[PDB]
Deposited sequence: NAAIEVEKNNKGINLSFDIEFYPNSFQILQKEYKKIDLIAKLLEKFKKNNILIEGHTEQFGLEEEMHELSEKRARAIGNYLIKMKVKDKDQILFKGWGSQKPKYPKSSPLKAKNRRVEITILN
């Protein structure tokens, strides 16, 4: 669960992992920042690349509500990467899938070609 799963696709290099969020929130648990720090170490080395951050929910709530929550989760991750100075806001696309694709929730980050 501490590991990032890395796989190539047609879009770039996919980083798939799971981040504990507090229930029904886009707030990252304190202990998870070290995992994002590892992600930051990889992204730092792909200096010129743009990234895509994709968020997800699990609950079958109203679609706009789930979309918003899932996007705010992607943004919480992106914001930390901004703060760590590994990417600029210029370089980050944020996508929420809602629920369409225990606190652990799926996040993907793609290092875009």
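- Residues 102-111 of the deposited sequence are the only ones with no C-alpha coordinates in the structure.
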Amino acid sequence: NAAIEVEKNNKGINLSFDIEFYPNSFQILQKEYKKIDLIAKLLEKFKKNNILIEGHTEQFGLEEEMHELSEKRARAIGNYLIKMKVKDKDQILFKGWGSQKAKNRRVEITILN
From here on, numbers count along this sequence of modelled residues.
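- For the segment pair 39-47 and 69-77, the entry gives 39-47 the higher mean B-factor, averaged over Cα atoms.
- With 27-35 and 48-56 compared on mean CA B-factor from the PDB entry, the stretch scoring higher is 27-35.
- Sort the modelled residues of the chain by CA B factor and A3 lands in the middle third.
- Among all modelled residues in its chain, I19 ranks in the middle third by Cα B-factor.
- For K103, the recorded CA B-factor ranks within the highest third of the chain. Only modelled residues enter the ranking.
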